[PDB]
Amino acid sequence: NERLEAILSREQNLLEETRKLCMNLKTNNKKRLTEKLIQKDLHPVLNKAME
Amino acid sequence: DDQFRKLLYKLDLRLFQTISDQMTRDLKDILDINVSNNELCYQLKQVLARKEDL
């Protein structure tokens with residue numbers, strides 16, 4: 001039974017450390033979109049692709 | 001007055017004292033083993049329930 005306890009703990013920790021990356025990616029994408037290619041240095045060419 | 005007969009009776013007295021104590025805690029043991037066997041069976045049920053939950 002205690003072996004099974006250990007297995008449960010292992011699965012839970014790997015689940016959590018995999019879970020956090022989705023929020024990481026979401027926030028990173030939002031920030032990078034809002035800053036890197038929305039500031040006024042955008043090449044007017046890419047305006048069409050961007051809209 | 002007789003060491004050899006007092007002996008036979010001293011070993012008989014030790015035999016009867018050890019029979020007394022031995023059967024007292026041996027009958028205590030049959031009772032205790034029965035009740036503790038049922039008790040340990042029940043705790044084993046609890047352990048199996050934990051196994052199922054996991």
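Residues numbered from 1 in each chain as written, not as in the entry; some residues may be left out. Chains lettered and ligands numbered in written order. Part of a larger assembly, values for the part shown. Heavy atoms only, no water.

- Per the PDB record, the structure was determined using cryo-EM to 3.4 Å resolution.

Considerations on the overall build of chain A
- On a plain count of helices and strands, chain A comes out with two helices and zero strands.
- Its C-alpha radius of gyration of 21 Å places chain A more than 25% over the 10 Å reference for a compact globule of 51 residues.
- C-alpha atoms of chain A, sized along the principal axes, occupy 65 × 15 × 10 Å.
- Evaluated residue by residue, chain A yields a buried proportion of 0% over its 51 residues.
- Counting every atom, chain A has about 4900 Å² of accessible surface; 60% of that belongs to carbon and sulfur.
- Taking the average location of the 11 positive side-chain charges in chain A and that of its 8 negative ones, the two points are 9 Å from each other. (Helix = DSSP H or I, 4+ residues; strand = E, 2+ residues; numbered from the N terminus. Rg over C-alpha atoms; globule rule 2.2 N^0.38 Å. Buried < 20%, exposed > 50% of the residue type's maximum accessible area, 1.4 Å probe, protein only. Areas by Shrake-Rupley, 256 points an atom, 1.4 Å probe, with all protein chains shown as cover. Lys, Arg positive; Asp, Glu negative; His and termini not counted. Charge placed at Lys NZ, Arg CZ, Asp CG, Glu CD.)

A short note on a nonpolar patch on the surface
Residues and elements named next belong to chain B.
- A surface patch of nonpolar side chains, about 650 Å² in accessible area, is lined by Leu 15, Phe 16, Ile 19, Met 23, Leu 27, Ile 30 and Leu 31.
- You can see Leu 15 is positioned in helix α1 (residues 3-53).
- Among the residues examined, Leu 15 registers a relative accessible area of 39% and is labelled partly exposed. (Patch = residues over 30% accessible without salt bridge, like charges linked within 9 Å, V, L, I, M, F, W, Y side chains within 5 Å. Salt bridge = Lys/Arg side-chain N within 4 Å of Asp/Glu carboxyl O.)

Describing the side chain of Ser36(B)
- Relative to the helices and strands, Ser36(B) is located in helix α1.
- Judged by relative accessible area, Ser36(B) falls into the buried class, the value being 17%.

Quick word on α1(B)
- Taking 1.5 Å per residue, 51 residues should reach 75 Å; α1(B) reaches 70 Å between its end C-alpha atoms and fits that length.
- Measuring from the side-chain oxygen of the N-cap residue of α1(B) to the backbone nitrogen of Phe4(B) gives 3.0 Å; that N-cap residue is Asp2(B). (Expected span 1.5 Å × (residues − 1). Polar contact = N/O pair within 3.5 Å; in protein donor to acceptor, adjacent residues only side chain to side chain.)

Points about the pattern of salt bridges
Residues and elements named next belong to chain B.
- All chains considered together, the criterion is met by five salt bridges over all chains.
- With a closest N to O distance of 3.6 Å, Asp 53 and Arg 50 form a salt bridge. Here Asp 53 pairs with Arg 50, and both are found in helix α1, just three residues apart, close to one helical turn.
- When its relative accessible area of 58% is taken as the criterion, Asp 53 is described as exposed.

Some details on the environment of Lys48(A)
Residues and elements named next belong to chain A.
- Within the element layout of this structure, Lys 48 appears in helix α2 (residues 47-50).
- On the basis of relative accessibility, which here comes to 62%, the residue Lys 48 falls in the exposed class.
- A sequence separation of 24 residues divides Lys 48 from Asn 24, and the C-alpha atoms of the two residues are 29 Å apart.
- Of the polar contacts made by the side chain of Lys 48, one reaches the side chain of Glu 51; its length is 2.5 Å.

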